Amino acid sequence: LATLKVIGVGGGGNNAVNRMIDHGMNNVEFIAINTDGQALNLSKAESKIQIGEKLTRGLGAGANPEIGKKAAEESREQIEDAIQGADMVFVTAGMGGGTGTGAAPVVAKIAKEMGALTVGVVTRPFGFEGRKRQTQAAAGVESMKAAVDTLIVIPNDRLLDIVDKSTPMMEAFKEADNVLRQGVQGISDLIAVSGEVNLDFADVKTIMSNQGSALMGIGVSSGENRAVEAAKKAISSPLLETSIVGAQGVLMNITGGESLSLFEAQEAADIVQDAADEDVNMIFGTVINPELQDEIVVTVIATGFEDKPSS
């Protein structure tokens, strides 16, 4: 089965990796990449790469993206060794600092160069962090676009839309973490199970390879209108820079029990295509899990946003 790897670059990326490992992920290899030796020492990842030792003396990049870049370039061989054999690589980082901003694009370009389907999931800084951080991050996002197959951007300001006055910062961070984690899990599940209408890693490549922005979502629902409700949840995007609107390619997998109806499968597909408001090329799949009773799961991967709009 296709070899999946998730690579956290810099502080935010490392944090995401640690929290994903805590949450529980089967058949995924994690790699932690940082300049900061103290943070690496605390990483839960099975594979750790300290980059730029000579430049930083084991410290972080001090918000300087040129140091993050030079560090990654300096450690290219070690990064190549850690990635070798991967079929798909997810690179996650916080844009705005030095290590994520400068090194994540280098890491992604190595992963792609060496044949892996490469997806980035990065954050933009909070407005309260100031304009310099925002400007550095914007350059990082542009660099990431050039280095990956597909990119998902999570503006940290969106977290302010899902918290009340007391929600812990760490709880908010976990909500952002769900984007990459559930995207990885949906691909892992799609590879592992044969479906009645079967989609596999080649379908994922068709949808995600050499594209631009992406949306990856999952919805789960039971009862009346379950399919419509699951599809709406899969495309809901309160934390995303890139919503479903304008998608021209969608991989949609529906998992249900024996009761999964043709009518509700069409309903789900129609929700996604109507929200995209485009001529969508839909690669549709269906998995019947007989242990499931009234539950339905809809997973969506959407791309093609940069393609010329249709008439």
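For every residue, the number given is its place in the sequence shown, counted from 1.
Higher mean CA temperature factor, per the PDB entry, when comparing 122-130 with 83-91: 83-91.
Higher mean CA B-factor, judged across 262-270 and 32-40 from the recorded values: 32-40. Taking the deposited Cα B-factors for 114, 117, 240, 106, the highest one is held by 114.
In the deposited coordinates, the residue among 97, 217, 223, 155 with the greatest CA B-factor is 223. In this PDB entry, residue 207 carries a Cα temperature factor that places it within the lowest third of its chain's modelled residues.
In this PDB entry, the Cα temperature factor of residue 167 sits in the bottom third of its chain's modelled residues, the lowest group. Residue-level temperature factors show residue 25 in the highest third of its chain, judged at the C-alpha atom.
Split the chain's modelled residues into thirds by C-alpha temperature factor. Residue 297 is in the middle one. Placement of the Cα temperature factor of residue 58 within the chain: highest third of the modelled residues, per the deposited record.
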